[PDB]
Amino acid sequence: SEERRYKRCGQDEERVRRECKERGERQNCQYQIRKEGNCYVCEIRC
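Heads up: the sequence shown at position 45 corresponds to 45 in my numbering, and the numbers run straight through without jumps.
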């Protein structure tokens, strides 16, 4: 029911992916990397 998206235009893909995984795993919430334009987006589903 709840979806969080963190758009990270000030970061490269490698960092976004790394920190999205960290963020999901730390919280036991599901994580996925999306794109908006050329910016990578961390999506968290708890």
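Where is the CB? At the ideal position from N, CA and C, for every residue including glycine.
- Counting only residues of its own chain and dropping the five nearest sequence neighbours on each side, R23 has a CB closer than 7 Å to the CB of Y31, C42, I44.
- For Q27, the uninterrupted alpha helix (DSSP H) segment begins and ends at 13-27.
- With contacts defined as CB atoms closer than 9 Å, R5 and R34 qualify as a contacting pair.
- Ranked by how close their Cα comes to the Cα of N38, the residues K21, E13, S1 have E13 in first place.
- The DSSP-derived three-state label of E3 is coil.
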